[PDB]
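As provided, start20.cif (mmCIF, C-alpha atoms and all ligand atoms) reads as follows.
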data_start
loop_
_atom_site.label_atom_id
_atom_site.label_comp_id
_atom_site.auth_asym_id
_atom_site.auth_seq_id
_atom_site.Cartn_x
_atom_site.Cartn_y
_atom_site.Cartn_z
CA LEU U 30 44.92 134.36 264.69
CA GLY U 31 44.88 130.61 265.17
CA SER U 32 47.35 128.02 263.91
CA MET U 33 49.06 126.94 260.70
CA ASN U 34 46.96 125.23 258.03
CA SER U 35 46.47 124.92 254.27
CA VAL U 36 44.48 128.18 254.37
CA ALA U 37 44.99 131.53 256.09
CA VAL U 38 43.30 134.93 256.24
CA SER U 39 44.57 138.44 256.78
CA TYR U 40 42.23 140.87 258.53
CA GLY U 41 42.01 144.37 259.96
CA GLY U 42 42.33 147.88 258.59
CA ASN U 43 44.01 147.00 255.30
CA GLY U 44 41.23 144.58 254.27
CA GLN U 45 40.44 140.87 254.33
CA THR U 46 42.28 138.38 252.11
CA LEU U 47 42.06 134.58 251.92
CA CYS U 48 45.22 132.67 250.98
CA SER U 49 45.23 128.95 250.20
CA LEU U 50 47.78 126.35 249.09
CA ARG U 51 46.94 125.14 245.58
CA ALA U 52 47.30 121.35 245.46
CA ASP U 53 46.97 121.38 241.66
CA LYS U 54 50.08 123.58 241.61
CA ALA U 55 53.32 122.73 243.44
CA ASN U 56 51.90 123.81 246.81
CA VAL U 57 52.05 127.41 245.60
CA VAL U 58 49.92 130.00 247.41
CA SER U 59 47.10 131.92 245.72
CA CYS U 60 45.27 134.78 247.42
CA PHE U 61 42.27 137.05 246.88
CA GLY U 62 40.50 139.71 248.90
CA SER U 63 40.49 143.38 249.85
CA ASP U 64 43.93 143.34 251.54
CA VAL U 65 45.71 144.01 248.25
CA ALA U 66 49.13 143.79 249.92
CA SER U 67 48.41 140.22 251.06
CA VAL U 68 47.18 139.27 247.56
CA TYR U 69 49.86 140.54 245.19
CA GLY U 70 52.76 140.35 247.65
CA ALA U 71 52.43 136.57 247.78
CA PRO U 72 55.48 134.66 246.48
CA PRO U 73 54.65 133.65 242.90
CA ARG U 74 56.48 130.29 242.79
CA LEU U 75 57.65 129.50 246.32
CA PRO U 76 56.40 126.09 247.52
CA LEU U 77 54.88 126.36 250.99
CA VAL U 78 53.77 123.75 253.52
CA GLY U 79 51.60 125.99 255.71
CA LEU U 80 50.01 129.41 256.08
CA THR U 81 49.05 131.77 258.90
CA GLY U 82 47.77 135.33 258.84
CA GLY U 83 47.46 138.41 261.01
CA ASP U 84 46.44 142.08 260.83
CA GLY U 85 47.29 142.91 257.24
CA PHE U 86 49.92 140.22 256.65
CA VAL U 87 50.25 136.53 255.81
CA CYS U 88 53.23 134.29 256.58
CA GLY U 89 54.01 130.97 254.93
CA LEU U 90 56.33 128.15 255.99
CA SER U 91 58.64 127.43 253.07
CA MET U 92 59.02 123.88 251.75
CA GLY U 93 62.68 123.98 250.68
CA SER U 94 64.19 125.72 253.71
CA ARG U 95 61.25 125.35 256.13
CA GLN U 96 61.62 128.98 257.26
CA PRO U 97 59.00 131.75 257.55
CA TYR U 98 58.26 133.87 254.49
CA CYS U 99 55.92 136.80 255.16
CA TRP U 100 54.17 139.26 252.87
CA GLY U 101 51.66 142.06 253.34
CA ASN U 102 51.71 145.53 254.91
CA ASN U 103 52.17 145.12 258.68
CA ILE U 104 54.88 147.41 260.03
CA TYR U 105 55.79 145.03 262.87
CA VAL U 106 56.24 141.95 260.63
CA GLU U 107 59.17 142.10 258.22
CA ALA U 108 58.61 141.13 254.60
CA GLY U 109 60.44 138.05 253.38
CA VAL U 110 62.40 135.69 255.64
CA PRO U 111 63.34 137.00 259.12
CA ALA U 112 66.82 136.75 260.58
CA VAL U 113 66.81 133.02 261.30
CA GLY U 114 70.20 131.71 260.17
CA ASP U 115 70.30 127.90 260.03
CA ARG U 116 67.23 127.16 262.17
CA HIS U 117 64.23 125.29 260.77
CA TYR U 118 60.66 125.36 262.03
CA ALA U 119 57.83 122.86 262.37
CA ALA U 120 54.89 125.28 262.41
CA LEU U 121 53.91 128.95 262.32
CA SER U 122 51.24 131.03 264.03
CA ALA U 123 50.42 134.71 263.47
CA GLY U 124 48.74 137.14 265.84
CA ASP U 125 47.55 140.66 265.13
CA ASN U 126 51.04 142.21 265.15
CA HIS U 127 53.40 139.27 265.60
CA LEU U 128 54.50 135.92 264.17
CA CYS U 129 55.67 132.91 266.18
CA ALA U 130 57.63 129.96 264.79
CA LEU U 131 57.95 126.58 266.52
CA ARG U 132 61.47 125.22 266.01
CA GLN U 133 62.00 121.79 264.49
CA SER U 134 63.50 119.04 266.63
CA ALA U 135 66.80 119.35 264.75
CA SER U 136 67.00 123.08 265.53
CA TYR U 137 66.05 122.65 269.21
CA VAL U 138 68.54 122.60 272.09
CA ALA U 139 67.74 121.01 275.45
CA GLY U 140 66.60 123.44 278.11
CA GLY U 141 66.62 126.22 275.54
CA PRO U 142 63.90 128.12 273.71
CA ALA U 143 61.44 126.20 271.55
CA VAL U 144 59.67 129.12 269.81
CA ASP U 145 61.05 132.18 268.02
CA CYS U 146 58.67 135.12 267.64
CA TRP U 147 58.85 138.46 265.84
CA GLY U 148 56.53 141.43 266.25
CA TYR U 149 55.33 144.22 268.54
CA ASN U 150 56.06 143.36 272.19
CA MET U 151 56.78 139.78 271.07
CA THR U 152 60.26 139.80 269.47
CA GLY U 153 62.36 137.15 271.18
CA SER U 154 62.69 133.49 272.08
CA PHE U 155 60.33 131.80 274.52
CA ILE U 156 59.27 128.55 276.18
CA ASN U 157 62.34 126.58 277.34
CA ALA U 158 60.71 123.17 276.78
CA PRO U 159 59.65 121.21 273.68
CA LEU U 160 56.21 121.99 272.28
CA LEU U 161 54.02 120.03 269.87
CA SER U 162 51.85 122.80 268.38
CA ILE U 163 51.51 126.57 268.67
CA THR U 164 48.59 128.95 268.21
CA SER U 165 48.42 132.75 268.32
CA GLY U 166 45.95 135.19 269.81
CA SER U 167 45.76 138.91 269.14
CA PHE U 168 48.57 139.83 271.55
CA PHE U 169 49.73 136.43 272.82
CA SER U 170 50.75 132.97 271.66
CA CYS U 171 50.14 129.57 273.25
CA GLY U 172 51.47 126.04 272.86
CA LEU U 173 51.14 122.47 274.11
CA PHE U 174 54.05 120.74 275.82
CA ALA U 175 55.41 117.57 274.25
CA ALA U 176 55.88 115.95 277.67
CA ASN U 177 52.50 116.37 279.40
CA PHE U 178 50.26 117.86 276.64
CA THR U 179 49.35 120.79 278.96
CA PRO U 180 48.95 124.34 277.59
CA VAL U 181 51.18 127.36 278.14
CA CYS U 182 50.82 130.94 276.87
CA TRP U 183 53.18 133.89 276.60
CA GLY U 184 53.01 137.54 275.60
CA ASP U 185 50.60 140.33 276.52
CA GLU U 186 47.93 139.00 278.90
CA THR U 187 46.05 142.32 279.23
CA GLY U 188 42.32 141.92 278.66
CA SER U 189 42.47 138.12 278.30
CA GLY U 190 44.05 136.45 281.33
CA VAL U 191 45.07 133.51 279.14
CA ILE U 192 48.56 133.12 280.66
CA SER U 193 47.75 132.90 284.37
CA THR U 194 44.32 131.24 283.99
CA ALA U 195 45.71 128.59 281.62
CA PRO U 196 44.45 125.17 282.79
CA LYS U 197 47.86 123.75 283.68
CA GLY U 198 46.92 120.13 284.29
CA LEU U 199 44.37 119.45 281.57
CA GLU U 200 45.74 117.60 278.53
CA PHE U 201 44.72 118.73 275.05
CA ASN U 202 44.83 117.19 271.59
CA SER U 203 44.92 120.63 269.95
CA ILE U 204 44.32 124.27 270.88
CA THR U 205 43.32 127.38 268.93
CA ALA U 206 43.62 130.96 270.16
CA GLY U 207 41.10 133.73 269.56
CA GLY U 208 41.56 137.43 270.11
CA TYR U 209 41.29 137.20 273.92
CA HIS U 210 40.58 133.52 274.64
CA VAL U 211 41.82 130.00 273.89
CA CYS U 212 39.75 126.90 273.13
CA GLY U 213 41.00 123.34 272.88
CA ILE U 214 39.95 119.74 272.35
CA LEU U 215 40.78 117.51 275.32
CA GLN U 216 42.92 114.43 274.78
CA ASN U 217 40.58 112.35 276.98
CA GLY U 218 37.04 112.26 275.59
CA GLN U 219 37.57 115.01 272.98
CA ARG U 220 35.49 117.54 274.91
CA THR U 221 35.96 121.24 274.13
CA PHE U 222 37.31 123.45 276.92
CA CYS U 223 37.97 127.18 276.72
CA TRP U 224 39.56 129.77 278.99
CA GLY U 225 40.26 133.49 279.04
CA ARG U 226 38.27 136.46 280.37
CA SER U 227 36.34 137.11 277.17
CA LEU U 228 32.74 137.52 276.07
CA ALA U 229 33.33 134.69 273.60
CA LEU U 230 32.85 132.43 276.65
CA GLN U 231 29.75 134.26 277.93
CA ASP U 232 27.41 131.38 277.04
CA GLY U 233 29.99 128.58 277.04
CA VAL U 234 30.75 125.54 274.92
CA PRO U 235 27.80 124.06 272.98
CA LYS U 236 26.54 121.11 275.02
CA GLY U 237 27.51 117.67 273.75
CA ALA U 238 29.57 118.79 270.75
CA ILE U 239 32.61 116.74 269.70
CA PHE U 240 34.87 118.54 267.22
CA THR U 241 37.93 117.57 265.20
CA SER U 242 39.43 121.06 264.80
CA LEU U 243 38.69 124.55 266.11
CA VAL U 244 39.16 128.15 264.97
CA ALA U 245 38.45 131.40 266.79
CA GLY U 246 38.02 135.08 265.97
CA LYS U 247 38.21 138.06 268.28
CA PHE U 248 35.06 137.12 270.22
CA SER U 249 33.85 133.94 268.51
CA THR U 250 34.73 130.27 268.05
CA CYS U 251 33.87 127.72 265.35
CA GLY U 252 34.29 123.95 265.25
CA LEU U 253 33.92 121.07 262.80
CA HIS U 254 31.85 118.14 264.06
CA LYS U 255 33.60 114.77 264.31
CA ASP U 256 31.18 112.91 262.01
CA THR U 257 29.41 115.42 259.75
CA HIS U 258 32.39 117.81 259.32
CA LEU U 259 29.85 120.70 259.54
CA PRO U 260 30.66 124.07 261.14
CA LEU U 261 29.22 125.13 264.50
CA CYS U 262 30.02 128.71 265.53
CA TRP U 263 29.27 130.50 268.81
CA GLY U 264 30.39 133.59 270.67
CA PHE U 265 29.70 137.27 271.23
CA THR U 266 27.58 139.31 268.78
CA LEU U 267 27.33 136.29 266.44
CA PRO U 268 24.30 136.06 264.11
CA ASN U 269 22.28 132.88 263.65
CA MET U 273 27.51 129.32 259.62
CA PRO U 274 26.59 127.59 256.34
CA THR U 275 24.63 124.52 257.40
CA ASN U 276 24.93 122.61 254.11
CA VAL U 277 28.58 122.45 253.03
CA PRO U 278 31.02 120.24 254.98
CA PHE U 279 34.58 121.48 255.33
CA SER U 280 37.97 119.81 255.69
CA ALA U 281 39.48 122.77 257.56
CA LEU U 282 38.49 126.21 258.83
CA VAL U 283 40.26 129.53 259.31
CA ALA U 284 39.12 132.58 261.27
CA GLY U 285 39.81 136.27 260.80
CA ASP U 286 38.91 138.90 263.36
CA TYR U 287 35.20 138.99 262.45
CA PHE U 288 34.82 136.42 259.65
CA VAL U 289 35.44 132.71 259.12
CA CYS U 290 36.50 130.87 255.95
CA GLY U 291 36.44 127.16 255.16
CA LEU U 292 38.15 124.85 252.66
CA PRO U 293 35.42 122.44 251.49
CA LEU U 294 35.87 118.70 251.95
CA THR U 295 35.00 118.26 248.27
CA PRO U 296 37.98 119.66 246.31
CA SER U 297 35.71 120.77 243.45
CA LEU U 298 33.69 123.20 245.57
CA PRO U 299 35.24 126.65 246.12
CA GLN U 300 36.01 128.26 249.47
CA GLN U 301 33.20 129.89 251.45
CA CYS U 302 33.48 132.76 253.94
CA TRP U 303 30.92 134.30 256.29
CA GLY U 304 30.85 137.09 258.85
CA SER U 305 31.13 136.09 262.51
CA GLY U 306 30.36 139.39 264.27
CA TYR U 307 31.43 143.01 264.57
CA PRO U 308 33.15 145.23 267.16
CA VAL U 309 31.22 147.20 269.78
CA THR U 310 32.31 149.73 272.38
CA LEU U 311 32.35 148.11 275.82
CA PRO U 312 32.86 149.63 279.29
CA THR U 313 36.45 149.72 280.54
CA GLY U 314 38.14 151.02 283.66
CA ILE U 315 38.92 154.27 281.83
CA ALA U 316 35.48 154.50 280.15
CA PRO U 317 33.18 152.93 282.76
CA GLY U 318 29.87 154.14 281.36
CA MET U 319 26.98 155.96 282.96
CA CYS U 320 24.81 154.14 285.50
CA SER U 321 21.31 155.60 285.17
CA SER U 322 17.82 154.72 286.37
CA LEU U 323 16.31 156.41 283.27
CA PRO U 324 16.62 155.25 279.65
CA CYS U 325 19.98 156.09 278.12
CA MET U 326 20.36 159.48 276.45
CA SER U 327 20.89 159.99 272.73
CA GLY U 328 24.26 158.71 271.56
CA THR U 329 24.45 155.93 274.17
CA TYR U 330 22.90 152.48 274.52
CA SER U 331 21.81 150.39 277.49
CA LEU U 332 24.23 147.46 277.76
CA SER U 333 22.33 144.18 277.95
CA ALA U 334 22.06 142.56 281.38
CA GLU U 335 23.74 139.35 280.19
CA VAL U 336 27.02 140.98 279.17
CA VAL U 337 26.91 143.27 282.23
CA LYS U 338 26.93 140.22 284.49
CA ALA U 339 29.79 138.72 282.45
CA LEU U 340 31.97 141.86 282.72
CA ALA U 341 31.25 142.17 286.47
CA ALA U 342 33.92 141.06 288.91
CA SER U 343 33.53 138.01 291.18
CA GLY U 344 30.89 138.78 293.80
CA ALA U 345 30.24 142.37 292.70
CA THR U 346 27.69 144.29 290.66
CA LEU U 347 28.76 146.63 287.88
CA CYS U 348 26.43 149.49 288.81
CA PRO U 349 25.72 150.16 292.51
CA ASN U 350 21.98 149.65 291.94
CA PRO U 351 21.67 146.42 289.90
CA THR U 352 18.42 147.59 288.27
CA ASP U 353 20.03 150.67 286.71
CA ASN U 354 20.95 150.77 283.03
CA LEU U 355 24.64 150.93 282.11
CA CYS U 356 24.86 153.46 279.27
CA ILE U 357 27.86 153.14 276.92
CA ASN U 358 28.80 155.53 274.11
CA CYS U 359 27.66 154.36 270.68
CA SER U 360 30.42 153.24 268.35
CA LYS U 361 31.32 155.82 265.69
CA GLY U 362 31.81 153.97 262.41
CA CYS U 363 32.71 150.43 261.38
CA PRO U 364 36.10 148.83 260.65
CA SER U 365 37.52 148.63 257.15
CA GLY U 366 35.45 146.51 254.79
CA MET U 367 32.27 146.87 256.87
CA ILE U 368 29.47 149.43 256.85
CA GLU U 369 26.74 150.26 259.34
CA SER U 370 23.80 147.88 258.83
CA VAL U 371 21.71 149.01 261.83
CA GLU U 372 21.77 152.29 263.75
CA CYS U 373 22.67 152.54 267.43
CA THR U 374 19.46 152.01 269.39
CA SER U 375 18.86 152.70 273.08
CA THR U 376 19.28 148.96 273.77
CA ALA U 377 22.15 147.94 271.47
CA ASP U 378 25.21 149.33 269.73
CA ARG U 379 25.32 149.96 266.00
CA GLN U 380 25.64 146.78 263.93
CA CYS U 381 28.22 146.36 261.15
CA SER U 382 28.25 144.02 258.16
CA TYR U 383 30.84 143.45 255.45
CA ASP U 384 30.13 145.71 252.45
CA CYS U 385 29.64 143.23 249.60
CA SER U 386 27.78 145.67 247.33
CA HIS U 387 30.88 146.67 245.32
CA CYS U 388 31.78 143.14 244.21
CA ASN U 389 31.52 143.52 240.42
CA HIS U 390 34.04 142.18 237.89
CA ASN U 391 37.57 143.35 238.75
CA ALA U 392 36.38 145.03 241.95
CA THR U 393 38.47 143.03 244.48
CA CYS U 394 36.13 143.21 247.45
CA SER U 395 36.52 141.63 250.90
CA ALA U 396 37.24 137.92 251.21
CA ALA U 397 34.27 137.63 253.60
CA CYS U 398 31.90 138.10 250.62
CA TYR U 399 32.75 134.87 248.76
CA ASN U 400 29.79 132.47 248.54
CA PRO U 401 28.61 130.19 245.71
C1 LIG D 501 54.79 119.94 281.72
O1 LIG D 501 56.14 119.90 281.23
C2 LIG D 501 56.78 121.18 281.18
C3 LIG D 501 58.13 120.97 280.55
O2 LIG D 501 58.72 119.76 281.00
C4 LIG D 501 56.86 121.78 282.58
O3 LIG D 501 57.40 123.09 282.50
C5 LIG D 501 58.53 123.20 283.39
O4 LIG D 501 58.18 122.83 284.73
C6 LIG D 501 59.28 122.88 285.64
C7 LIG D 501 58.79 122.34 286.96
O5 LIG D 501 57.91 123.26 287.61
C8 LIG D 501 59.80 124.31 285.74
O6 LIG D 501 60.94 124.34 286.60
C9 LIG D 501 60.18 124.83 284.36
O7 LIG D 501 60.53 126.20 284.43
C10 LIG D 501 59.03 124.65 283.38
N1 LIG D 501 59.44 125.05 282.04
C11 LIG D 501 58.81 125.99 281.33
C12 LIG D 501 59.38 126.27 279.97
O8 LIG D 501 57.83 126.59 281.76
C13 LIG D 501 55.47 121.84 283.21
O9 LIG D 501 55.57 122.26 284.57
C14 LIG D 501 54.79 120.48 283.15
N2 LIG D 501 53.43 120.57 283.67
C15 LIG D 501 52.76 119.53 284.17
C16 LIG D 501 51.37 119.82 284.65
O10 LIG D 501 53.24 118.40 284.21
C1 LIG D 502 53.85 144.30 276.57
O1 LIG D 502 53.45 143.04 277.14
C2 LIG D 502 53.45 143.06 278.57
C3 LIG D 502 53.24 141.64 279.04
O2 LIG D 502 54.28 141.27 279.93
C4 LIG D 502 53.89 140.14 280.74
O3 LIG D 502 53.04 140.54 281.81
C5 LIG D 502 53.62 141.43 282.79
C6 LIG D 502 52.54 141.66 283.84
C7 LIG D 502 54.92 140.87 283.38
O4 LIG D 502 54.64 139.73 284.17
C8 LIG D 502 55.89 140.49 282.25
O5 LIG D 502 57.02 139.86 282.84
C9 LIG D 502 55.20 139.53 281.26
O6 LIG D 502 56.07 139.20 280.20
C10 LIG D 502 52.39 144.03 279.05
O7 LIG D 502 52.36 144.03 280.48
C11 LIG D 502 52.72 145.42 278.53
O8 LIG D 502 51.68 146.33 278.89
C12 LIG D 502 52.88 145.41 277.01
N1 LIG D 502 53.35 146.71 276.55
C13 LIG D 502 52.76 147.40 275.57
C14 LIG D 502 53.39 148.72 275.24
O9 LIG D 502 51.77 146.98 274.99
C1 LIG D 503 31.53 159.28 275.95
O1 LIG D 503 32.84 159.82 275.66
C2 LIG D 503 33.12 161.04 276.34
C3 LIG D 503 34.42 161.58 275.79
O2 LIG D 503 35.28 160.53 275.37
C4 LIG D 503 33.16 160.77 277.84
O3 LIG D 503 33.46 161.97 278.53
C5 LIG D 503 31.81 160.22 278.29
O4 LIG D 503 31.87 159.87 279.66
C6 LIG D 503 31.40 159.00 277.46
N1 LIG D 503 30.04 158.61 277.79
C7 LIG D 503 29.72 157.44 278.35
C8 LIG D 503 28.26 157.22 278.61
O5 LIG D 503 30.56 156.59 278.62
#

What does this structure look like when you write it as structure tokens?
Amino acid sequence: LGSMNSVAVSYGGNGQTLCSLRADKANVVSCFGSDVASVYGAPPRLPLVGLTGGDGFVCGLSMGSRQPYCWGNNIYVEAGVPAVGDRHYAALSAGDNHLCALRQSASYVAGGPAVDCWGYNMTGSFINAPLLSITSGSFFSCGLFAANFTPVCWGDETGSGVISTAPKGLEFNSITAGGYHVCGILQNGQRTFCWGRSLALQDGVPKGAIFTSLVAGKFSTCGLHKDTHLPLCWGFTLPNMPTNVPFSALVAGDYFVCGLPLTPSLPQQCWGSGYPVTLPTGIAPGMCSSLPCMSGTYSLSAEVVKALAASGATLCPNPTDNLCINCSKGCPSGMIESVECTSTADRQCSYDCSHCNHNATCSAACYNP
């Protein structure tokens, strides 16, 4: 998820691993976490200028050749350097199951593709116009035009709406993509604007917040304040960020966020930013009932019901009725059930940091001072 930076995180079923460019070394990457493939597969002496991560893989932009070099255990992302030839790339961005690479000016041809992408349902060349930056969602990638600074997205739009609902006309300084939404900092005034049919935008942007950079998970978004350089995170199923430590940059996994401290002496910190819950779909609509929800199901809160309800329509015929959704069975890799499924909420998951002894190699989301 997100864009290229000095730090990156892999996430998903294979574990959670934080990779960072060591400035004390020759811009060589060093990783740690539960995604063992993304730790020990890292190139041991390949100088890199940037990093980006996805579901079980991390890709770096080489210094020498300025081409993508990927490692990890994602079946849709090839290990090593993809079939590029002579092209060179300005930036990288990794989604769940795909990598996108913004071509350098020297490798760009007029009226031709600006981005090369590899991955599931994403392998090909895209936007036929120069872009400044690129960012990747779960199943899509976005970018800002060099001409008018307006955003454009490509890929699978299902569940997000980020391609058609893109604010073509607003000019952005930078944009970051979450799992099903995109947030950006406006060029004029540096306000934060987001789009995409996601519960990460259920409450909206924190009032009066000016950020320098943004990162986003599946259903959450974090930002660094302009002055204090302190993190401010919001979104779905988010618990009440480290308030003390200022950061120079952030990076977001699917359900955790890591930050490179502004002070180079202090080590990296990571914290959980939520957990997945079963939500009603077209195929699994959920039971509208006037009575409390039966065992094994929970009453979806009225706030999210209104958010998931179409324009000018109620989700259940009788608005007072409870919408009962099946309780989630289990937690994703690295997390364990912290709270049981009640009649009012789904089961809550937290990252299992109990097996973090010496030479245990636990999740990257468990690293605090
Ligand atoms: C911003 O600039 C881009 C690139 O110059 C524009 O994208 C092109 O717009 C023309 C005119 O509609 C289309 O014929 C092309 O197919 C577009 N190219 C691509 C790759 O999509 C974009 O329309 C401009 N937007 C604004 C608001 O100025
Ligand atoms: C692969 O991604 C597709 C996205 O395609 C885009 O949206 C559709 C509606 C068309 O306008 C197409 O030209 C666009 O490129 C998804 O529609 C499709 O379901 C995805 N397939 C799988 C197997 O995930
Ligand atoms: C729970 O799942 C079963 C089987 O997948 C389905 O038939 C049922 O409708 C679901 N219950 C609710 C309340 O959605």

Measuring atom to atom with all atoms listed in the file, identify which of U:100, U:112, U:158, U:54 is nearest to ligand LIG 501 (chain D).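 So, comparing all the options, the nearest one is U:158.
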
Ligand LIG 501 (chain D) neighbours within 9 Å using all atoms listed in the file, as a CSV table (one decimal) with C-alpha atoms, in the coordinates of the input:
chain,number,residue,atom,x,y,z
U,140,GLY,CA,66.6,123.4,278.1
U,141,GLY,CA,66.6,126.2,275.5
U,142,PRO,CA,63.9,128.1,273.7
U,143,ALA,CA,61.4,126.2,271.6
U,155,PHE,CA,60.3,131.8,274.5
U,156,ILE,CA,59.3,128.6,276.2
U,157,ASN,CA,62.3,126.6,277.3
U,158,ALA,CA,60.7,123.2,276.8
U,159,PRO,CA,59.6,121.2,273.7
U,160,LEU,CA,56.2,122.0,272.3
U,173,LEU,CA,51.1,122.5,274.1
U,174,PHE,CA,54.0,120.7,275.8
U,175,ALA,CA,55.4,117.6,274.2
U,176,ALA,CA,55.9,116.0,277.7
U,177,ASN,CA,52.5,116.4,279.4
U,178,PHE,CA,50.3,117.9,276.6
U,179,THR,CA,49.4,120.8,279.0
U,180,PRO,CA,49.0,124.3,277.6
U,181,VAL,CA,51.2,127.4,278.1
U,196,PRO,CA,44.4,125.2,282.8
U,197,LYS,CA,47.9,123.8,283.7
U,198,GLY,CA,46.9,120.1,284.3
U,199,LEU,CA,44.4,119.4,281.6
U,200,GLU,CA,45.7,117.6,278.5

Point (51.2, 129.9, 257.2) neighbourhood (12 Å, only C-alpha atoms) written as a PyMOL selection string: chain U and resi 30-39+47-50+57-58+71+76-83+86-92+95-100+118-124+128-131+163-165+283

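Closest approach to residue 252 (chain U) among U:240, U:105, U:209, U:201 is made by U:240 (distances from all atoms listed in the file).
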
At most 12 Å from ligand LIG 503 (chain D) (all atoms listed in the file): residue list as a PDB file with C-alpha atoms, keeping the file's coordinate frame:
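Generated output (pocket-v4.pdb):
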ATOM      1  CA  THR U 310      32.310 149.730 272.380  1.00  0.00           C
ATOM      2  CA  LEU U 311      32.350 148.110 275.820  1.00  0.00           C
ATOM      3  CA  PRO U 312      32.860 149.630 279.290  1.00  0.00           C
ATOM      4  CA  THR U 313      36.450 149.720 280.540  1.00  0.00           C
ATOM      5  CA  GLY U 314      38.140 151.020 283.660  1.00  0.00           C
ATOM      6  CA  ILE U 315      38.920 154.270 281.830  1.00  0.00           C
ATOM      7  CA  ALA U 316      35.480 154.500 280.150  1.00  0.00           C
ATOM      8  CA  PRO U 317      33.180 152.930 282.760  1.00  0.00           C
ATOM      9  CA  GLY U 318      29.870 154.140 281.360  1.00  0.00           C
ATOM     10  CA  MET U 319      26.980 155.960 282.960  1.00  0.00           C
ATOM     11  CA  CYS U 320      24.810 154.140 285.500  1.00  0.00           C
ATOM     12  CA  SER U 321      21.310 155.600 285.170  1.00  0.00           C
ATOM     13  CA  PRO U 324      16.620 155.250 279.650  1.00  0.00           C
ATOM     14  CA  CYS U 325      19.980 156.090 278.120  1.00  0.00           C
ATOM     15  CA  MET U 326      20.360 159.480 276.450  1.00  0.00           C
ATOM     16  CA  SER U 327      20.890 159.990 272.730  1.00  0.00           C
ATOM     17  CA  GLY U 328      24.260 158.710 271.560  1.00  0.00           C
ATOM     18  CA  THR U 329      24.450 155.930 274.170  1.00  0.00           C
ATOM     19  CA  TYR U 330      22.900 152.480 274.520  1.00  0.00           C
ATOM     20  CA  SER U 331      21.810 150.390 277.490  1.00  0.00           C
ATOM     21  CA  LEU U 332      24.230 147.460 277.760  1.00  0.00           C
ATOM     22  CA  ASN U 354      20.950 150.770 283.030  1.00  0.00           C
ATOM     23  CA  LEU U 355      24.640 150.930 282.110  1.00  0.00           C
ATOM     24  CA  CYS U 356      24.860 153.460 279.270  1.00  0.00           C
ATOM     25  CA  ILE U 357      27.860 153.140 276.920  1.00  0.00           C
ATOM     26  CA  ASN U 358      28.800 155.530 274.110  1.00  0.00           C
ATOM     27  CA  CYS U 359      27.660 154.360 270.680  1.00  0.00           C
ATOM     28  CA  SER U 360      30.420 153.240 268.350  1.00  0.00           C
ATOM     29  CA  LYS U 361      31.320 155.820 265.690  1.00  0.00           C
ATOM     30  CA  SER U 375      18.860 152.700 273.080  1.00  0.00           C
TER      31      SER U 375
END

Nearest to ligand LIG 502 (chain D) among U:55, U:204, U:65, U:191, with distances taken over all atoms listed in the file: which residue is it?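 For ligand LIG 502 (chain D), the nearest of the candidates is U:191.
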
Could you list, as a ChimeraX atom specification, every residue within 10 Å of region 302-307 of chain U, counting only C-alpha atoms and ignoring same-chain residues fewer than 2 positions away? /U:47,245-251,262-269,273-274,282-292,300,309,363-364,367,379-383,395-401

Dump the neighbourhood of ligand LIG 502 (chain D) as a list in words: all residues within 10 Å, distances computed on only C-alpha atoms and all ligand atoms.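 Within the 10 Å cut-off, the matching residues are residues 149, 150, 151, 168, 169, 183, 184, 185, 186, 187, 190, 192 and 193 of chain U.
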
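Proximity of U:215, U:281, U:138, U:234 to residue 253 (chain U), computed with only C-alpha atoms, is greatest for U:281.
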